[PDB]
Structures are given as structure tokens and as C-alpha cells.
Amino acid sequence: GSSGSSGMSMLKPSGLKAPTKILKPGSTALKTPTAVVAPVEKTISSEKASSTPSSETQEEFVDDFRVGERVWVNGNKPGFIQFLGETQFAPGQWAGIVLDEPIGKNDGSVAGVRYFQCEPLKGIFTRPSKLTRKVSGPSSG
């Protein structure tokens, strides 16, 4: 019960600093001849894709998580953990994850206390134990 905060906040900006509003400029036709990549491949002689390198994914004693990892809340909600620890409203361990869809409840803030900056209806506070790696369930189909 000693290892707490050291120094004074986390002074680690991002990089680009100037914009202070929202917008989407670009109403012209053809600006620069910029080509994209080709994630696909030639398939004329039948057979598509490859598929081979499979993963085992062990269970182990799941009793901890790390910030900046993809997890599935309730085994059906992919998101990124932003907060990991105790809250300022309820006594216990919580995890502020950021969902990838407008199906959340909180916005990463409780009673004004900002735990992790995220988009509305995405930042939910749930127990890490509830989180799961990748989607998985019964063997029905």
C-alpha cells in the first residue's frame, strides 16, 4: 500500500499540436496520383488463401490484465483496456475498456472522475475476470 503515484502526472504528449476543432476538408477531384496496396492475390488456378499457422491459446490462471490489449467483455465485446485498478465510486478492481461499437454505457468517467478518455457508449467499467481473449463458446455452430 505504498507504490502509488511518482513525480507529477504523466507528461507524455502525442506529437501534432495545433487543431482545436472538427472538420473534413476535401471537395476537389483528383489531387495526387497516390496508389494503394493489394492485400489480395492472383487466383486463376483454383485454390484461395493459405490457412495453416494456428494458435493454441492456453487458459492458465487468468487473474490479471494489461493496458493496451484487446479483450472480449462477457466473452462477446472486443475492446481495448485503458484503465486497470480501483475506482473512486465502488471498492474493488475494475477495468475501463473501449468497445468498438455504440453498445456501451459509460464514457470512461464516474462522478466527473476521468479514468480513461474514450468515445461515448463504449467506455464500460467491468471486472477483468469477466474479460476473455478472442471470441469463443460452445461447440454447436
# chains A, B, ... in the order shown; residues from 1 in each chain; ligands from 1

call {"tool": "residues_around", "arguments": {"residues": "residue 100 (chain A)", "least_positions_apart": "3", "cutoff": "12 Å", "atoms": "only C-alpha atoms", "output": "MDAnalysis selection string"}}
result
chainID A and resid 70:73 76:81 97 103:104 118:124

call {"tool": "select_by_dssp", "arguments": {"residues": "chain A", "states": "strand (DSSP E)", "output": "number ranges by chain"}}
result
A: 70-73, 78-86, 93-99, 109-110, 113-114, 123-126, 131-132

call {"tool": "atom_distance", "arguments": {"atom1": "CA of residue 132 (chain A)", "atom2": "CA of residue 109 (chain A)"}}
result
23.0 Å

call {"tool": "atom_distance", "arguments": {"atom1": "CA of residue 133 (chain A)", "atom2": "CA of residue 66 (chain A)"}}
result
12.3 Å

call {"tool": "residues_around", "arguments": {"residues": "residue 65 (chain A)", "least_positions_apart": "5", "cutoff": "9 Å", "atoms": "only C-alpha atoms", "output": "PyMOL selection string"}}
result
chain A and resi 81+84+95+128-129

call {"tool": "write_last_selection", "arguments": {"atoms": "C-alpha atoms", "output": "tab-separated table (two decimals), in the first residue's frame"}}
result
chain	number	residue	atom	x	y	z
A	81	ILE	CA	-8.24	-1.82	-21.81
A	84	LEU	CA	-6.76	-1.15	-14.58
A	95	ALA	CA	-11.14	-2.22	-15.97
A	128	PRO	CA	-11.07	-8.08	-15.65
A	129	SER	CA	-12.09	-11.65	-14.81

call {"tool": "residues_around", "arguments": {"residues": "residue 110 (chain A)", "least_positions_apart": "4", "cutoff": "12 Å", "atoms": "only C-alpha atoms", "output": "JSON, numbers by chain"}}
result
{"A": [87, 88, 89, 90, 96, 105, 106, 114, 115, 116, 117, 123, 124, 125]}

call {"tool": "write_last_selection", "arguments": {"atoms": "N, CA and C atoms", "output": "PDB file, in the first residue's frame"}}
result
ATOM      1  N   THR A  87     -11.491   1.993  -8.498  1.00  0.00           N
ATOM      2  CA  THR A  87     -12.218   3.193  -8.891  1.00  0.00           C
ATOM      3  C   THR A  87     -12.410   4.129  -7.702  1.00  0.00           C
ATOM      4  N   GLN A  88     -13.126   5.226  -7.928  1.00  0.00           N
ATOM      5  CA  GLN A  88     -13.384   6.201  -6.874  1.00  0.00           C
ATOM      6  C   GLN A  88     -14.868   6.252  -6.521  1.00  0.00           C
ATOM      7  N   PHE A  89     -15.594   5.188  -6.853  1.00  0.00           N
ATOM      8  CA  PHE A  89     -17.023   5.118  -6.567  1.00  0.00           C
ATOM      9  C   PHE A  89     -17.370   3.824  -5.836  1.00  0.00           C
ATOM     10  N   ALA A  90     -16.762   2.724  -6.266  1.00  0.00           N
ATOM     11  CA  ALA A  90     -17.008   1.427  -5.651  1.00  0.00           C
ATOM     12  C   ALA A  90     -15.698   0.752  -5.247  1.00  0.00           C
ATOM     13  N   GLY A  96     -11.375  -0.224 -17.322  1.00  0.00           N
ATOM     14  CA  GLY A  96     -12.008   0.626 -18.313  1.00  0.00           C
ATOM     15  C   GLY A  96     -11.622   0.251 -19.730  1.00  0.00           C
ATOM     16  N   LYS A 105     -22.139   1.974 -22.052  1.00  0.00           N
ATOM     17  CA  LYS A 105     -22.984   2.647 -21.074  1.00  0.00           C
ATOM     18  C   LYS A 105     -22.329   3.933 -20.580  1.00  0.00           C
ATOM     19  N   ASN A 106     -21.100   3.813 -20.086  1.00  0.00           N
ATOM     20  CA  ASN A 106     -20.365   4.966 -19.581  1.00  0.00           C
ATOM     21  C   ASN A 106     -19.406   5.507 -20.636  1.00  0.00           C
ATOM     22  N   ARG A 114     -12.276  11.310 -14.437  1.00  0.00           N
ATOM     23  CA  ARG A 114     -11.886  10.747 -15.724  1.00  0.00           C
ATOM     24  C   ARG A 114     -10.805   9.686 -15.549  1.00  0.00           C
ATOM     25  N   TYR A 115     -11.159   8.435 -15.825  1.00  0.00           N
ATOM     26  CA  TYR A 115     -10.218   7.328 -15.698  1.00  0.00           C
ATOM     27  C   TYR A 115      -9.493   7.075 -17.016  1.00  0.00           C
ATOM     28  N   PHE A 116     -10.241   7.111 -18.114  1.00  0.00           N
ATOM     29  CA  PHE A 116      -9.669   6.886 -19.435  1.00  0.00           C
ATOM     30  C   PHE A 116     -10.502   7.572 -20.514  1.00  0.00           C
ATOM     31  N   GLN A 117      -9.852   8.414 -21.309  1.00  0.00           N
ATOM     32  CA  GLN A 117     -10.533   9.134 -22.380  1.00  0.00           C
ATOM     33  C   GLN A 117     -10.971   8.177 -23.485  1.00  0.00           C
ATOM     34  N   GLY A 123     -16.929   3.201 -23.328  1.00  0.00           N
ATOM     35  CA  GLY A 123     -16.164   3.001 -22.112  1.00  0.00           C
ATOM     36  C   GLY A 123     -17.002   2.429 -20.987  1.00  0.00           C
ATOM     37  N   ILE A 124     -16.858   1.131 -20.748  1.00  0.00           N
ATOM     38  CA  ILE A 124     -17.607   0.459 -19.694  1.00  0.00           C
ATOM     39  C   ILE A 124     -16.678  -0.026 -18.584  1.00  0.00           C
ATOM     40  N   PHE A 125     -17.187  -0.039 -17.356  1.00  0.00           N
ATOM     41  CA  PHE A 125     -16.403  -0.482 -16.209  1.00  0.00           C
ATOM     42  C   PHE A 125     -16.831  -1.877 -15.763  1.00  0.00           C
TER      43      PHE A 125
END

call {"tool": "atom_distance", "arguments": {"atom1": "CA of residue 58 (chain A)", "atom2": "CA of residue 134 (chain A)"}}
result
12.0 Å

call {"tool": "residues_around", "arguments": {"residues": "region 2-6 of chain A", "least_positions_apart": "2", "cutoff": "12 Å", "atoms": "only C-alpha atoms", "output": "ChimeraX atom specification"}}
result
/A:8-11,85-86
